[PDB]
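For the sequence shown, PDB author numbering puts the final residue at 191, and the numbers step up evenly by one.
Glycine residues also receive a C-beta, built at the ideal position from the N, C-alpha and C atoms.
I have placed the structure first, in the form of structure tokens, so that the comments after it can refer back to it.
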Amino acid sequence: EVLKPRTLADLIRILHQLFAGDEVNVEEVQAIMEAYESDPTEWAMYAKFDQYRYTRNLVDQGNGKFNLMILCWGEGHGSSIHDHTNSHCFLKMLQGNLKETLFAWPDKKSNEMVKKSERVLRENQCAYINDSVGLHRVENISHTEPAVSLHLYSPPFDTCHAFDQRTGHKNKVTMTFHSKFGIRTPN
Ligand SMILES: [Fe+2]
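Shown next as structure tokens:
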């Protein structure tokens, strides 16, 4: 009985409704994002890759309630271990596959970080994370094919922390957009 968006535009319209209010039903959003069948014809205009690192490509600003963006992972590209700055964070596969590794939070002592979970996200699957769930690292499983994912963050945020797996020490990172609405940013 999940409402099924027929197009990426349908999905955006539904998301505007689900985030209009004060309450957000996480499992409802997750099921609707998963029900959208990834269609490259609809999102190729956002799929702008870089040789060396993954790119973040803004799709929609959600009337200030959320940011919807597409992340393009080249061959072998991966993220650092990071948090999500107290926001809801949804990630849905559009092409290829990402491995998500969940980590525990470090405390004050210096120590190797501890893995809590490890999985590969399947075709069209939508995962969810927030800071109470843990930290995570995401990476393209493939060294021969790209991965593309659709990310929804609410509230939007443009800073996070990256964590050193060897010690748990963290550094603030400013996140930037490679493109917005299909247009390359100055960089
Ligand atoms: Fe993340």
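Residue i versus the options, residue with shortest Cα-Cα distance
| i | options | result |
| --- | --- | --- |
| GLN99 | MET117, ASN175, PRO150, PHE53 | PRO150 |
| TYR58 | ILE74, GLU127, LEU22, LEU106 | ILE74 |
| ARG188 | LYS52, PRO159, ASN101, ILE145 | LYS52 |
| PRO160 | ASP64, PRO9, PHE70, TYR50 | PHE70 |
| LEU95 | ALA13, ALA35, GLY66, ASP111 | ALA35 |
| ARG17 | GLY66, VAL6, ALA166 | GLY66 |
| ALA131 | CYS93, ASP162, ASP43 | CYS93 |
| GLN129 | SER121, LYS120, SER153, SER183 | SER153 |
| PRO9 | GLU46, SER91, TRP77 | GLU46 |
| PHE185 | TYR50, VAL30, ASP43 | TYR50 |
| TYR56 | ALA48, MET37, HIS81 | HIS81 |
| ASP54 | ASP64, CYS76, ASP43 | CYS76 |
| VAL28 | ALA13, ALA48, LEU156 | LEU156 |
| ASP43 | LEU15, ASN175, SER91 | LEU15 |
| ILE145 | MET179, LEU102, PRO110 | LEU102 |
| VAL63 | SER121, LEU12, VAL33, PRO190 | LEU12 |
| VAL33 | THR178, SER158, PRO190 | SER158 |
| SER121 | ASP111, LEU139, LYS112, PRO110 | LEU139 |
Anticipated Cβ contact below 8 Å, residue i with residue j, distance rounded
| i | j | result |
| --- | --- | --- |
| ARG123 | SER83 | Wrong, their Cβ atoms sit about 15 Å apart, outside the cutoff. |
| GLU127 | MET97 | 6 Å |
| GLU79 | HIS147 | 5 Å |
| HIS165 | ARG60 | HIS165 to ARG60, Cβ: 17 Å. No contact. |
| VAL6 | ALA48 | Incorrect: roughly 26 Å between the Cβ atoms, too far for contact. |
| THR163 | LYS174 | Their Cβ separation, rounded to whole angstroms, is 12 Å, which puts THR163 and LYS174 out of contact at 8 Å. |
Hey, is the stretch 80–92 in contact with the stretch 129–138, meaning 3+ C-beta pairs nearer than 8 Å? yes
Just list the alpha helix (DSSP H) runs in the stretch 29–102, keeping only unbroken ones of 4 residues or longer that don't cross its boundaries, in chain order. Runs found: 30–39, 44–47.
Touch check for the stretch 158–174 and the stretch 116–125: three-plus C-beta pairs under 8 Å? Because the criterion of three Cβ pairs below 8 Å is met, the stretch 158–174 and the stretch 116–125 touch.
For the stretch 103–114 against the stretch 11–30, are there 3 or more C-beta pairs whose distance is under 8 Å? With fewer than three CB-CB distances shorter than 8 Å, the stretch 103–114 does not count as touching the stretch 11–30.
Complete runs of the alpha helix (DSSP H) confined to the stretch 143–187 [at least 4 residues]: none
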